[PDB]
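Heads up: the structure comes next, in structure tokens.
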Amino acid sequence: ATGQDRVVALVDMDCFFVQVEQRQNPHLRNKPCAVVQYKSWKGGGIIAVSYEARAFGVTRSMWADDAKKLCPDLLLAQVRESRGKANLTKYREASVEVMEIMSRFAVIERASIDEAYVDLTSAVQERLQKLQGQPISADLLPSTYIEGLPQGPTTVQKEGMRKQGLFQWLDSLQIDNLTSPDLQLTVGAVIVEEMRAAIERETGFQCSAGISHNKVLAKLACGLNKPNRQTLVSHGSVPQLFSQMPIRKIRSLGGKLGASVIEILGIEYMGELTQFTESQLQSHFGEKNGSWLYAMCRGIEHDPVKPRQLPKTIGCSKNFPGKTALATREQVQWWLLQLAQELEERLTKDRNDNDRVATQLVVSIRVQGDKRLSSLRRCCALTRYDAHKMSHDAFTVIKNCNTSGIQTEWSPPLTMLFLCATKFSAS
DNA sequence: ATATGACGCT
DNA sequence: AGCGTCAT
Ligand SMILES: Nc1ncnc2c1ncn2[C@H]1C[C@H](O)[C@@H](COP(=O)(O)NP(=O)(O)OP(=O)(O)O)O1
Ligand SMILES: [Mg+2]
């Protein structure tokens, strides 16, 4: 048993949307900025935030007019909004630049607009053989941080720290035994400096990464050292790091389950999960959660890097909160249309680029009096890439919710509308 | 009154 | 198929 079988990495762009705005507005470069969505209610919900604006304390979800309370220098690059909602075309088109690069190395799995898991297992056996045993040098890793080094019997500069830390790791390394989990992790951490350096080469976009043995730890190390650096995380640094690591951090456990993992066990850290055996664990969460949250605090997860760049489900959403809420037949046709037209714009730019037709179409709504993000999923075969079809397709599918005799309006007002095309074909 | 996309379960 | 959960 090891869980050091694979080598897996998680690259991720340092404040992506800011970087995409900055490559057209040079005034934004080396300046503390955010990126705002719409512009009326509190100036617009801030989604992306530069790192110079973070050092004044500006957060996402925060409302533009409220960071302009925290941040005077907050040169605010507005998101392009179109058809009344969002238009994220600047970025979804950049994101597809960045993932072309990363696949020149290993077959990755798209994980966000801005990040991608990548399995480097095969290509590590590529480089390791290309080595006759020629030890790996520091120069090859100009920006890699080694979790848990330096140490033992022991400058102040953050970047001298990084040298004498990289320098310890390499010296204790079995450059011959091509099977050591810390020699494969280490070749792999090169493919990623070369991956990430060629990104900023071909895009001007800056990335950070994280490189352990599974995917939950690749992420946990991506965001250790940021921005513009990587971090290898050894299966031996795992017990160290995991010990002060909050359960709420780990991918899956950020939510309701997290609390129960914490509450039901009486815990606050990943490392304290070690003491409960697996079938022991399974009795409080399930047959799959115990099998998982056991080997997790042992830095063993076996979620595979699922080979996928072009996603599934093309989707287009628009909220109508509070006083906006649509209560009118005529409204819920125009918004359905304007939603059905951006889908039309996205779905074509799919079909030529990616060789697939979606056959499904999922309408959703929310009502002025529900908390659930969605209060009704309803579905109907997408046959033709027509807005006016999809628009009128989608009214038939939902009309049967208007609790009214007033067919002049809508009872009760809708606070959300969502069109999503799933079940792509081979076109 | 913060727009997307995935997945496990039923 | 639809809904809850979770991540960004
Ligand atoms: N709650 C949210 N809602 C909508 N969009 C969001 C979002 N959070 C992030 N984004 C959008 C905006 C973001 O530009 C994009 C990816 O942002 P991140 O992966 O969350 N973190 P970033 O790459 O920005 O910087 P760093 O990694 O150093 O934290 O997704
Ligand atoms: Mg991210």
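Here, A, B, ... name the chains of the structure tokens in the order displayed, residue numbers run from 1 inside each chain, and ligands are numbered from 1 in the same displayed order.
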Taking only C-alpha atoms (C1' of nucleotides) and all ligand atoms into account, list the residues no farther than 9 Å from ligand 1, as an MDAnalysis selection string. (chainID A and resid 12:20 35 46:51 60:61 91 112:115 207:208 222:223 226:227) or (chainID B and resid 2:4) or (chainID C and resid 7:8)
Do me a favour and pick out the residues of chain A within 9 Å of chain C, using only C-alpha atoms (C1' of nucleotides), as a ChimeraX atom specification. /A:112-114,251-257,374-379
Writer output for current selection, C-alpha atoms, as a CSV table (one decimal), in the first residue's frame:
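New file selection.csv:
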```
chain,number,residue,atom,x,y,z
A,112,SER,CA,-12.9,25.1,-13.8
A,113,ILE,CA,-12.7,28.0,-16.2
A,114,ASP,CA,-9.3,28.5,-14.6
A,251,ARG,CA,-12.5,19.2,-1.7
A,252,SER,CA,-15.9,17.6,-0.9
A,253,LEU,CA,-15.9,18.6,2.8
A,254,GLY,CA,-16.3,22.3,2.3
A,255,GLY,CA,-20.1,22.0,3.0
A,256,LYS,CA,-22.8,20.3,5.1
A,257,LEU,CA,-20.9,17.0,5.1
A,374,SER,CA,-33.4,25.4,-8.2
A,375,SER,CA,-37.0,24.7,-7.4
A,376,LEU,CA,-37.9,22.7,-10.6
A,377,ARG,CA,-35.9,20.8,-13.2
A,378,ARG,CA,-37.8,20.1,-16.4
A,379,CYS,CA,-36.5,18.6,-19.7
```
Set the cut-off to 10 Å and count only C-alpha atoms (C1' of nucleotides): what are the residues of chain A that reach chain B? Output as a PyMOL selection string. chain A and resi 37+41-42+44-47+60-63+85-88+111-113+311-323
Test item, helix (DSSP H, G or I) assignment across segment 315-408 of chain A, answer as a ChimeraX atom specification: /A:329-354,387-399
Contacts of residue 330 of chain A at 10 Å or less, counting only C-alpha atoms (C1' of nucleotides), minus same-chain residues fewer than 4 places along, as a PyMOL selection string? chain A and resi 326+334-336+408-410
Please give the complete set of residues from segment 321-409 of chain A that DSSP, run on the backbone, assigns to strand (DSSP E), formatted as a list in words.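 Those in segment 321-409 of chain A that DSSP calls strand (DSSP E) are residues 362, 363, 364, 365, 366, 367, 376, 377, 378 and 379 of chain A.
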Residues from the last selection, C-alpha atoms, saved as a PDB file, in the first residue's frame:
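File produced: result_20.pdb:
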```pdb
ATOM      1  CA  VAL A 362     -33.136  21.356 -19.184  1.00  0.00           C
ATOM      2  CA  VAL A 363     -35.260  24.320 -18.094  1.00  0.00           C
ATOM      3  CA  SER A 364     -35.176  25.394 -14.476  1.00  0.00           C
ATOM      4  CA  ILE A 365     -36.914  28.087 -12.448  1.00  0.00           C
ATOM      5  CA  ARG A 366     -37.087  29.381  -8.901  1.00  0.00           C
ATOM      6  CA  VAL A 367     -40.138  30.974  -7.279  1.00  0.00           C
ATOM      7  CA  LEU A 376     -37.948  22.724 -10.596  1.00  0.00           C
ATOM      8  CA  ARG A 377     -35.896  20.849 -13.201  1.00  0.00           C
ATOM      9  CA  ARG A 378     -37.756  20.087 -16.443  1.00  0.00           C
ATOM     10  CA  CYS A 379     -36.501  18.587 -19.676  1.00  0.00           C
TER      11      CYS A 379
END
```
Could you list, as JSON, numbers by chain, every residue within 8 Å of segment 156-166 of chain A, counting only C-alpha atoms (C1' of nucleotides) and ignoring same-chain residues fewer than 2 positions away? {"A": [138, 144, 145, 146, 149, 150, 168, 169, 170]}
Ranking A:281, A:106, A:220, A:402 by minimum distance to ligand 2 and counting only C-alpha atoms and all ligand atoms, which one comes first? A:220
Provide the atom CA of residue 209 of chain A to atom CA of residue 9 of chain A distance in Å, to one decimal place.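 Atom CA of residue 209 of chain A sits 6.9 Å away from atom CA of residue 9 of chain A.
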